[PDB]
file entry_39.cif (mmCIF, C-alpha atoms and all ligand atoms; chains and numbers go by the auth columns)
data_work
loop_
_atom_site.group_PDB
_atom_site.id
_atom_site.type_symbol
_atom_site.label_atom_id
_atom_site.label_comp_id
_atom_site.label_asym_id
_atom_site.label_seq_id
_atom_site.Cartn_x
_atom_site.Cartn_y
_atom_site.Cartn_z
_atom_site.B_iso_or_equiv
_atom_site.auth_seq_id
_atom_site.auth_asym_id
ATOM 1 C CA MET A 1 8.691 30.731 -89.209 0.00 1 T
ATOM 2 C CA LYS A 2 9.861 32.869 -92.168 0.00 2 T
ATOM 3 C CA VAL A 3 11.567 36.123 -91.089 0.00 3 T
ATOM 4 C CA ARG A 4 10.614 38.703 -93.767 0.00 4 T
ATOM 5 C CA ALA A 5 8.154 41.189 -92.194 0.00 5 T
ATOM 6 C CA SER A 6 8.928 44.827 -91.268 0.00 6 T
ATOM 7 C CA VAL A 7 8.665 44.228 -87.501 0.00 7 T
ATOM 8 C CA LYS A 8 10.432 47.552 -86.731 0.00 8 T
ATOM 9 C CA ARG A 9 8.539 49.273 -83.859 0.00 9 T
ATOM 10 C CA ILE A 10 5.493 51.069 -85.320 0.00 10 T
ATOM 11 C CA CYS A 11 4.759 53.880 -82.815 0.00 11 T
ATOM 12 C CA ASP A 12 6.993 55.564 -80.194 0.00 12 T
ATOM 13 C CA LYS A 13 5.899 53.265 -77.334 0.00 13 T
ATOM 14 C CA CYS A 14 6.611 50.082 -79.317 0.00 14 T
ATOM 15 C CA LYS A 15 9.426 47.722 -78.273 0.00 15 T
ATOM 16 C CA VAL A 16 11.372 45.083 -80.221 0.00 16 T
ATOM 17 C CA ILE A 17 12.591 41.895 -78.471 0.00 17 T
ATOM 18 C CA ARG A 18 15.554 39.832 -79.732 0.00 18 T
ATOM 19 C CA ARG A 19 15.198 36.015 -79.804 0.00 19 T
ATOM 20 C CA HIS A 20 17.001 33.003 -81.356 0.00 20 T
ATOM 21 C CA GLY A 21 17.983 34.769 -84.609 0.00 21 T
ATOM 22 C CA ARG A 22 14.388 36.090 -84.465 0.00 22 T
ATOM 23 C CA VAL A 23 12.802 39.283 -83.090 0.00 23 T
ATOM 24 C CA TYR A 24 9.436 40.401 -81.633 0.00 24 T
ATOM 25 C CA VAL A 25 7.243 43.513 -81.346 0.00 25 T
ATOM 26 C CA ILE A 26 5.252 44.177 -78.171 0.00 26 T
ATOM 27 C CA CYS A 27 3.546 47.480 -77.283 0.00 27 T
ATOM 28 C CA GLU A 28 0.610 49.062 -75.405 0.00 28 T
ATOM 29 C CA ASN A 29 -1.164 49.371 -78.770 0.00 29 T
ATOM 30 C CA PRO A 30 -2.618 45.975 -79.711 0.00 30 T
ATOM 31 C CA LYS A 31 -2.278 46.705 -83.452 0.00 31 T
ATOM 32 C CA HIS A 32 1.533 46.717 -82.968 0.00 32 T
ATOM 33 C CA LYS A 33 1.893 43.230 -81.399 0.00 33 T
ATOM 34 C CA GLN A 34 3.922 41.580 -84.198 0.00 34 T
ATOM 35 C CA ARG A 35 6.745 39.020 -84.486 0.00 35 T
ATOM 36 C CA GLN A 36 9.718 38.942 -86.894 0.00 36 T
ATOM 37 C CA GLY A 37 8.648 35.989 -89.087 0.00 37 T
HETATM 38 ZN ZN ZN B . 3.358 50.643 -80.736 0.00 101 R
#
call {"tool": "encode", "arguments": {"input": "entry_39.cif", "output": "C-alpha cells"}}
result
Amino acid sequence: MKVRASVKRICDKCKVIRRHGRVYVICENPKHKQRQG
C-alpha cells in the first residue's frame, strides 16, 4: 500500500473515509471509488 494518489473526492457527492494513516473514497458514482494508496 503506497499512499501517493489524489484520492480527494472527485464530484460533489463523493466522500473520503479516514483509516489507519490511510484514507478512502466512496461515492454513488462508481468511477470515484478509490483508496488513498
Ligand atoms: Zn463522486
call {"tool": "resolve_selection", "arguments": {"input": "entry_39.cif", "expression": "the PyMOL selection byres (((not hetatm)) within 7 of (chain R and resi 101))", "output": "list in words"}}
result
residues 9, 10, 11, 12, 13, 14, 27, 28, 29 and 32 of chain T
call {"tool": "resolve_selection", "arguments": {"input": "entry_39.cif", "expression": "the PyMOL selection byres (((chain T and resi 2-5) around 10) and not hetatm)", "output": "ChimeraX atom specification"}}
result
/T:1,6-8,21-23,34-37
call {"tool": "axis_aligned_box", "arguments": {"input": "entry_39.cif", "around": "region 15-20 of chain T", "padding_each_side": "4 Å", "output": "AutoDock Vina command-line options"}}
result
--center_x 13.2 --center_y 40.4 --center_z -79.8 --size_x 15.6 --size_y 22.7 --size_z 11.1
call {"tool": "build_atoms", "arguments": {"input": "entry_39.cif", "residues": "region 13-26 of chain T", "atoms": "N, CA, C and O atoms", "output": "PDB file, in the coordinates of the input"}}
result
ATOM      1  N   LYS T  13       5.926  54.100 -78.571  1.00  0.00           N
ATOM      2  CA  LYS T  13       5.899  53.265 -77.334  1.00  0.00           C
ATOM      3  C   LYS T  13       6.069  51.786 -77.684  1.00  0.00           C
ATOM      4  O   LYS T  13       5.916  50.916 -76.849  1.00  0.00           O
ATOM      5  N   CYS T  14       6.405  51.498 -78.911  1.00  0.00           N
ATOM      6  CA  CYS T  14       6.611  50.082 -79.317  1.00  0.00           C
ATOM      7  C   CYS T  14       7.924  49.567 -78.722  1.00  0.00           C
ATOM      8  O   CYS T  14       8.722  50.327 -78.206  1.00  0.00           O
ATOM      9  N   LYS T  15       8.160  48.290 -78.807  1.00  0.00           N
ATOM     10  CA  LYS T  15       9.426  47.722 -78.273  1.00  0.00           C
ATOM     11  C   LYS T  15       9.752  46.440 -79.035  1.00  0.00           C
ATOM     12  O   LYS T  15       8.901  45.598 -79.254  1.00  0.00           O
ATOM     13  N   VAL T  16      10.977  46.298 -79.454  1.00  0.00           N
ATOM     14  CA  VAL T  16      11.372  45.083 -80.221  1.00  0.00           C
ATOM     15  C   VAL T  16      12.186  44.135 -79.335  1.00  0.00           C
ATOM     16  O   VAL T  16      13.127  44.540 -78.680  1.00  0.00           O
ATOM     17  N   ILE T  17      11.831  42.875 -79.314  1.00  0.00           N
ATOM     18  CA  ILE T  17      12.591  41.895 -78.471  1.00  0.00           C
ATOM     19  C   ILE T  17      13.473  41.022 -79.364  1.00  0.00           C
ATOM     20  O   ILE T  17      13.087  40.655 -80.452  1.00  0.00           O
ATOM     21  N   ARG T  18      14.648  40.685 -78.909  1.00  0.00           N
ATOM     22  CA  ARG T  18      15.554  39.832 -79.732  1.00  0.00           C
ATOM     23  C   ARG T  18      15.476  38.376 -79.263  1.00  0.00           C
ATOM     24  O   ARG T  18      15.589  38.087 -78.087  1.00  0.00           O
ATOM     25  N   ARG T  19      15.285  37.460 -80.178  1.00  0.00           N
ATOM     26  CA  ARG T  19      15.198  36.015 -79.804  1.00  0.00           C
ATOM     27  C   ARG T  19      16.168  35.195 -80.661  1.00  0.00           C
ATOM     28  O   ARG T  19      16.959  35.737 -81.405  1.00  0.00           O
ATOM     29  N   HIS T  20      16.100  33.892 -80.557  1.00  0.00           N
ATOM     30  CA  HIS T  20      17.001  33.003 -81.356  1.00  0.00           C
ATOM     31  C   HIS T  20      17.020  33.430 -82.828  1.00  0.00           C
ATOM     32  O   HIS T  20      16.226  32.974 -83.624  1.00  0.00           O
ATOM     33  N   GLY T  21      17.915  34.307 -83.192  1.00  0.00           N
ATOM     34  CA  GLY T  21      17.983  34.769 -84.609  1.00  0.00           C
ATOM     35  C   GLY T  21      16.659  35.429 -85.012  1.00  0.00           C
ATOM     36  O   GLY T  21      16.510  35.903 -86.121  1.00  0.00           O
ATOM     37  N   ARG T  22      15.697  35.460 -84.123  1.00  0.00           N
ATOM     38  CA  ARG T  22      14.388  36.090 -84.465  1.00  0.00           C
ATOM     39  C   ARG T  22      14.181  37.358 -83.636  1.00  0.00           C
ATOM     40  O   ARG T  22      15.000  37.717 -82.814  1.00  0.00           O
ATOM     41  N   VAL T  23      13.087  38.035 -83.853  1.00  0.00           N
ATOM     42  CA  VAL T  23      12.802  39.283 -83.090  1.00  0.00           C
ATOM     43  C   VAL T  23      11.297  39.371 -82.811  1.00  0.00           C
ATOM     44  O   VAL T  23      10.513  38.622 -83.360  1.00  0.00           O
ATOM     45  N   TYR T  24      10.892  40.272 -81.958  1.00  0.00           N
ATOM     46  CA  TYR T  24       9.436  40.401 -81.633  1.00  0.00           C
ATOM     47  C   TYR T  24       9.018  41.868 -81.598  1.00  0.00           C
ATOM     48  O   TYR T  24       9.834  42.762 -81.710  1.00  0.00           O
ATOM     49  N   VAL T  25       7.748  42.111 -81.417  1.00  0.00           N
ATOM     50  CA  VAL T  25       7.243  43.513 -81.346  1.00  0.00           C
ATOM     51  C   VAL T  25       6.089  43.602 -80.354  1.00  0.00           C
ATOM     52  O   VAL T  25       4.961  43.290 -80.680  1.00  0.00           O
ATOM     53  N   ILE T  26       6.350  44.044 -79.160  1.00  0.00           N
ATOM     54  CA  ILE T  26       5.252  44.177 -78.171  1.00  0.00           C
ATOM     55  C   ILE T  26       5.023  45.663 -77.901  1.00  0.00           C
ATOM     56  O   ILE T  26       5.909  46.481 -78.099  1.00  0.00           O
TER      57      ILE T  26
END
